[PDB]
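Encoded as structure tokens, the structure appears first; notes follow it.
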Amino acid sequence: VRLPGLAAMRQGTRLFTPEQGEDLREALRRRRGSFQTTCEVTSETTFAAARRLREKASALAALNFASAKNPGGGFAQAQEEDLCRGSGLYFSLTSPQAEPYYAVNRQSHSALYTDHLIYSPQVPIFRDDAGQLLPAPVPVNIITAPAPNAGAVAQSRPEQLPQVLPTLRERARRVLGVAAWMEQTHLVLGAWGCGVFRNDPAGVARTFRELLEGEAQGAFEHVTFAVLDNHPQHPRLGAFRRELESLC
Ligand SMILES: Nc1ncnc2c1ncn2[C@@H]1O[C@H](COP(=O)(O)OP(=O)(O)OC[C@H]2O[C@H](O)[C@H](O)[C@@H]2O)[C@@H](O)[C@H]1O
């Protein structure tokens, strides 16, 4: 039997294409300065922060650190695979209206990828980090978008090194734009493509702070930076807790 709410979520899945770039930013324009946005930086999985936030969240979204070319990356410690294994996310990403995101990114043949985004509405979270069933599934809206593959650019197309940060910046700005366009209140963010994609975590953390301070100030009610870091150094979390203490 097909698990609860997968149908309604897959049927509602929706693609934002790069030609919606200005539709997304006028949605940020229109929503800027609506709340006193409270923001944290934590050590939880993105789904653990989602399930915690749920009961006081009118509209909850979370960022999938996605593969540009294969849904769920093709599966093996990554965050996108954590969400697929414990939610209906995969049934949404393989949905027909989502195909152009993968199709175009592969034809792109560029490690900075395109600006397509996939919006997955009311994705059921079925399991906690331990992997046991929840009593009841917890819905979370998911924004899927690929951070530029910095590691690949450095080994494959170093001429696009200068475009890495600008790509991540305009794409981050569209991720906020999709969440305001869908009028979300509570965002679960994190160390976006600072793992397998090898971006600088100080840089991703700073880009988020620039946006949350600039074009997206006030635009959301709560932003939680759910960075998981098991390495004894904790380099990712340290960079996000260090660079976003200004904002909290
Ligand atoms: N479940 C998790 N929850 C919250 N944060 C996490 C989690 N797992 C890792 N992090 C933290 O977030 C950081 C980045 O996690 P990454 O999964 O590497 O995303 P990317 O931007 O580097 O590239 C995504 C590729 O990886 C896959 O193959 C995709 O299919 C893509 O191909 C990690 O270092 C953790 O600190």
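Just follow the structure's listing: the first ligand is 1, and inside any ligand the first atom is 1. Note that the numbering runs from 1 along the sequence shown for the chain.
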For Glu159, salt bridge (charged side-chain N to carboxylate O under 4.0 Å, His left out) partners two or more places apart: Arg157
Side-chain heavy atoms of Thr144 within contact of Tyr101, under 4.5 Å: yes
Close residues, ligand 1: non-hydrogen atom nearer than 4.0 Å: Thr45, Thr46, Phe65, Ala66, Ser67, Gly73, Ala78, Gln79, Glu80, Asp82, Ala191, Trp192, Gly193, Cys194, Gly195, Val196, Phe197, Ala226, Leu228, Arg236
pair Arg174-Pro18: side-chain heavy atoms closer than 4.5 Å: yes
Chi angles and distances behind the side chain to side chain contact (heavy atoms under 4.5 Å, CB included) call for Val140, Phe47: CA-CA 9 Å; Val140 61; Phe47 269 171; 3.8 Å; yes
Could you give the side-chain donor-acceptor pairs of residues 186-194 under 3.5 Å, partners two or more places apart or in another chain?
unit_1: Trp192; atom_1: NE1; unit_2: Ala145; atom_2: O; d: 3.4

side-chain contact (heavy atoms from CB on, under 4.5 Å) partners for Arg14, two or more places apart: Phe16, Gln20, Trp181
